[PDB]
Amino acid sequence: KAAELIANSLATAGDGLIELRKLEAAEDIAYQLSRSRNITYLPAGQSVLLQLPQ
Amino acid sequence: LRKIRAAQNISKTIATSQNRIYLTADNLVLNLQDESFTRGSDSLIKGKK
């Protein structure tokens, strides 16, 4: 039914509708094909003791 | 459909996989010092009567 509705909607929305639905789907497919990523960070520090000067 | 079932089962077994990556760290330390450190002295000349 979803397909029927989508087809109907795209028909109303015209070709342009279909095209980018296709792009979205492609994006989805591409994501699924490769789903992964990471973020980079710069280094954090560790604790230390501070001595106050006289 | 037995065929589909079996194919499904085999596909299921083979397919399973998953990956993930994140960075987190846990650490805790509590230092209690109720004091200003001593052993601090300048060089002075003092004398008493």
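Peptide packing: for B:28-40, A:6-18, the average count of neighbouring Cβ atoms within 10 Å per residue gives the ranking A:6-18, B:28-40, highest mean first.
Rounded to the nearest 10 degrees, the angle from helix A:2-33 to the longest Cα principal axis of chain A is 30 degrees. Against chain B, whose longest principal axis is taken from its Cα atoms, helix B:2-15 shows a tilt of about 20°. Residues B:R2, A:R35, arranged from fewest to most other Cβ atoms within 10 angstrom of their Cβ, appear as B:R2, A:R35. Evaluating 6.51 cos²θ - 1.76 cosθ + 1.60 at θ = phi - 60° for every residue in segment A:45-52, the Karplus couplings come out as x, 10, 7, 7, 9, 9, 10, 8 Hz, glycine and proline recorded as x. Averaged over peptide A:22-29, the number of partner chain Cβ atoms lying within 10 Å of each residue's Cβ comes to 0.
In units of the compact-protein estimate 2.2 N^0.38 Å, chain B shows a Cα radius of gyration of 3.72.
The phi-based Karplus calculation (6.51 cos²θ - 1.76 cosθ + 1.60; θ = phi - 60°) puts the 3J(HN,Hα) values of segment B:17-34 at 5, 5, 9, 6, 8, 7, 10, 8, 9, 10, 7, 8, 8, 10, 10, 10, 10, 9 Hz, whole numbers, x for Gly and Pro.
Each reported figure results from applying straightforward, stated rules to the coordinates on display, with no laboratory input. Every residue, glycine among them, receives a Cβ derived from its backbone with ideal geometry; neighbour counts consider all protein chains shown.
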